[PDB]
Amino acid sequence: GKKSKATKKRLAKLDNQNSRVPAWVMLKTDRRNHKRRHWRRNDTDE
Amino acid sequence: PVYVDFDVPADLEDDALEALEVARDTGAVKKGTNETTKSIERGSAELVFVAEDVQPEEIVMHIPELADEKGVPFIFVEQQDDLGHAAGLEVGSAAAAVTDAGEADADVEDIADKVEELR
Amino acid sequence: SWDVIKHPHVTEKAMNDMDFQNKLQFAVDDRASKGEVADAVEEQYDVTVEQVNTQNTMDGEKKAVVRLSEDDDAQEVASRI
Amino acid sequence: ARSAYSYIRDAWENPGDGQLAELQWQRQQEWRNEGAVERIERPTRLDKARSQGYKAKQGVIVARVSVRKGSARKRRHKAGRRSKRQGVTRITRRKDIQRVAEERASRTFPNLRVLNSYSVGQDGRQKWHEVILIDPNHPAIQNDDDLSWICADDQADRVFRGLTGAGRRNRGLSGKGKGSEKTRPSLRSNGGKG
Amino acid sequence: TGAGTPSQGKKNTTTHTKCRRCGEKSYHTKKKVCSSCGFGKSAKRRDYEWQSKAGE
Amino acid sequence: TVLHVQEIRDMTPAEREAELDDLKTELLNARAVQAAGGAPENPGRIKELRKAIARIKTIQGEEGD
RNA sequence: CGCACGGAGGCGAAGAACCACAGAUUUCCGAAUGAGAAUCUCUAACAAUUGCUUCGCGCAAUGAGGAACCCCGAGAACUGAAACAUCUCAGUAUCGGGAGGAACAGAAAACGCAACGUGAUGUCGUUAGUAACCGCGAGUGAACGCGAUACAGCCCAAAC
RNA sequence: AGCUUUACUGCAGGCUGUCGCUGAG
Ligand SMILES: [Cl-]
Ligand SMILES: [Cl-]
Ligand SMILES: [K+]
Ligand SMILES: [Mg+2]
Ligand SMILES: [Mg+2]
Ligand SMILES: [Mg+2]
Ligand SMILES: [Mg+2]
Ligand SMILES: [Mg+2]
Ligand SMILES: [Mg+2]
Ligand SMILES: [Mg+2]
Ligand SMILES: [Mg+2]
Ligand SMILES: [Mg+2]
Ligand SMILES: [Mg+2]
Ligand SMILES: [Mg+2]
Ligand code: NA
Ligand code: NA
Ligand code: NA
Ligand code: NA
Ligand code: NA
Ligand code: NA
Ligand code: NA
Ligand code: NA
Ligand code: NA
Ligand code: NA
Ligand code: NA
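Conventions used here
- Residues numbered from 1 in each chain as written, not as in the entry; some residues may be left out.
- Chains lettered and ligands numbered in written order.
- Part of a larger assembly, values for the part shown.
- Heavy atoms only, no water.
- UniProt positions renumbered as here; feature names shortened; annotations may be inferred.
- Salt bridge = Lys/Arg side-chain N within 4 Å of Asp/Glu carboxyl O.
- Helix = DSSP H or I, 4+ residues; strand = E, 2+ residues; numbered from the N terminus.
- Buried < 20%, exposed > 50% of the residue type's maximum accessible area, 1.4 Å probe, protein only.
- 1 Å grid on protein atoms, 1.4 Å probe; cavity = no way out; pocket = protein on both sides within 12 Å on 5 of 7 lines; lining within 4 Å.
- Points joined across faces, edges and corners; volume = space filled by probe spheres on them.

Listed as the method for this PDB entry is X-ray crystallography; the listed resolution is 2.80 Å.

The title given to this entry in the Protein Data Bank is "Crystal Structure Of Virginiamycin M and S Bound To The 50S Ribosomal Subunit Of Haloarcula Marismortui". What UniProt states about chain F under its Sequence similarities heading is, verbatim, "Belongs to the universal ribosomal protein uL29 family."

Structural data, given as structure tokens:
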């Protein structure tokens, strides 16, 4: 499929939101990403 | 159109408007249908003018028959802004009336007479 | 208002283009055209831009590969920052 | 003495006789070839207009609107309906044509507000009404002691909420006593039973 | 052919997409109308009373 | 901080702009250093450069440039 | 130096943090309005409909939103009647159009305890499940008045 | 509930008279 520049920005953001919770945030909060998506198991919008 | 039963020859109309201009500067005139109407009714009317380019025609329809059942003479004019200008207004006038002319009594007379003949 | 040049894109591949093709890579605002990327660069670093190739990255930003003229040296320019 | 106006009025008490008759037979020919809403520079019924609030001044507008004659243009039911609700032919709408006319006009002039309206005849298949609208924003009106009331925010879309004169008559608000139990202060407050 | 699993295989068409107006993935790219907010069909936002219990 | 409001208003329309372009360049060179994972950072200031630029722009508006 | 207690660093007696009011900034799509478009793009823009008009988008208006409330239109069926058609559910659900902080109503072509009486309008209590309707079945159902709340009365058309 | 018909009751539709549009001899 041919993605547009806007679609691409979104897919981009989705990839980023798909990162772990930084190591330090654990310490900084005396101690989980509820939005971890998988390319196979899950399904983005559009 | 619906209230016009005779066509006033250009020349005749020119004369009439002339008399009107002097009638305003020598005697008295009423400008505006309502005022004209009250002249024909109060009898104080000598010669009344009615435009042919009036829309709605309702505004003037009554003049002809009213004037007749009052012996008051009346004449038609083509333009509406001409009768108005003649009467001395910067606007137009659907109908005006000559309340006691002035140094025109002679002309107005003949005009009234010329019209009668124009049946 | 938005500025054209965001920052230098420093990665091994970007180095090769610098040490071998006299090319500097930058992260630029995605509303920027090649011609703008060119000017902005010539103005901020005082050099002569020969050609500018762009790419809208999967990172949400636009990457520009800028080749300087033979008079200028990419390595030297880059080094001062 | 009688007013000039009084004659216009007296002539329209019988739009089928006299000059007015001949007049209508003519105008309608032109009207039948005009659009749904036609702004007109001068009221066809001066006495009525002025009587209804008209006024030869800036911000006052008039337009003639034509609406089809007859009952409701209703579609027959496409699901279960008891004999009572299976009608189509005899059903009529609860807003009279004049009120339909006022609305089509007001929609044509989004910035204006309906002041009033009056009938100007009908042929075999349609009725014409002339609607008087007002520019609530023109200073010529914001300063008129006889019309500036229409400028208040709460007079916005007054026709669509039935605040017009034809609106209030159609809402059964004419009587102040017997028979108006389900109408005043409002149809809706009375559980829609008027 | 089974209307089940075997007919699922041809489903590679795109219809509903992210909506420029409401952000929901309900913009039918073939109809150019949002099934959620009505974008493309109505200037006013799509909303019905039946989206909640009558007395609420 | 190292830069204050008065000091910004004392400047002339020409002086602020010069100070602005100055800061912008410092900011850009800081980001570039960060782009290279450069650790000689002093994080507290890349933060300042932004607030400063805000201030000079805020004052520019107030003063009429 | 947000939630957020890390690491590094920084800001604050030039009175920071923090709070109140006012102001600056305020990307793109969005009523979305130059034109097109799944938030991007293409070459000056109140698009569209209107009012005024220097008849030039020059000056203005409308659009969309909002928890319900409010006003104007369109208008079911399950159900009840131990079936069912009028009736009932109900002018309810739902749909179309629109206003405001409230709406609507409102200074009698009223009432009609019939009077030598009351005196704009909403609303509350009552009048009353009364009068009235109804396969006179099931069911449906006011008003005047009264006691209260709050009170407020005016402007045109025409005659001249 | 779907379906049928000279089941009960109605509703569209078709045909037809009448009124309006509608006027002169
Ligand atoms: Cl309105
Ligand atoms: Cl009483
Ligand atoms: K039923
Ligand atoms: Mg990654
Ligand atoms: Mg490319
Ligand atoms: Mg109420
Ligand atoms: Mg199937
Ligand atoms: Mg656009
Ligand atoms: Mg039953
Ligand atoms: Mg029974
Ligand atoms: Mg009932
Ligand atoms: Mg009563
Ligand atoms: Mg007065
Ligand atoms: Mg059955
Ligand atoms: Na997937
Ligand atoms: Na970056
Ligand atoms: Na309007
Ligand atoms: Na009723
Ligand atoms: Na803001
Ligand atoms: Na506008
Ligand atoms: Na214009
Ligand atoms: Na039963
Ligand atoms: Na049954
Ligand atoms: Na019954
Ligand atoms: Na069945």
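Residues and elements named next belong to chain D. In this structure the tally under the stated criterion is 19 salt bridges over all chains. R64 is the salt-bridge partner of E130, the closest N and O atoms lying 3.4 Å from each other. Taken as a pair, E130 in strand β4 (residues 126–134) and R64 in strand β2 (residues 60–68) lie far apart in primary sequence, 66 residues in all. Ionic pairing is found between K95 and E103, a salt bridge with its closest N-O pair at 3.1 Å. Exposure remark for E103: the relative accessible area of 10% places this residue in the buried category.

Let us now look at the layout of surface pockets. Taking a probe equal in size to a water molecule and rolling it over the atoms shows the remaining empty space. Here the largest pocket defines a volume of roughly 770 Å³. Taken together, 24 residues make up the lining of the largest pocket; nearest its centre are B:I59, B:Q80, B:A94, D:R42 and D:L46. Counting only elements with at least two residues in the lining of the largest pocket, the list comes to α2 (33–42) of chain B together with α1 (4–11) and α3 (46–51) of chain D. When residues of the lining of the largest pocket are assigned to their parent elements, the largest contribution, three residues, is made by α1(D). What the second largest pocket holds in volume is close to 490 Å³.

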